[PDB]
């Protein structure tokens, strides 16, 4: 159906979102992880956990979740955007720019991507 394991997974994801709102990123990571154990075929869980991972400084972990999310759903613009943010935080600005651009070609309006893309391009001119 539109989504039992799939039902419980959404409830855990929802809780995860609630944790994000109060900035309890460790708890958020836990709930998204539980949702993934039940239904790993939902790109949202990975993309959302990547966001929590990034807030916690675990950019490498965020990169891996975004890769999975993008592979599950190639038209998931938010996953490309978060990938850019994580890569950028890992000082991988060339690769970050590539992802921000993809994200923007999918979600053109997004000012968040436009801004962080500029930051990545600016930090990129500093490299040798």
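Positions refer to the first chain, counted from 1.
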Sequence continuity check, residue 3 and residue 4 (deposited residues unmodelled):
1 to 3
When the Cα temperature factors in the entry are averaged, is it 99-107 or 35-43 that ends up higher?
99-107
As stated in the PDB record, which stretch has the larger average Cα B-factor, 47-55 or 89-97?
89-97
Sorting by Cα B-factor within the chain, modelled residues only, which third would residue 24 end up in: lowest, middle or highest?
lowest
Sorting the chain's modelled residues by C-alpha B-factor, tell me whether residue 17 ends up in the lowest, middle or highest third.
middle
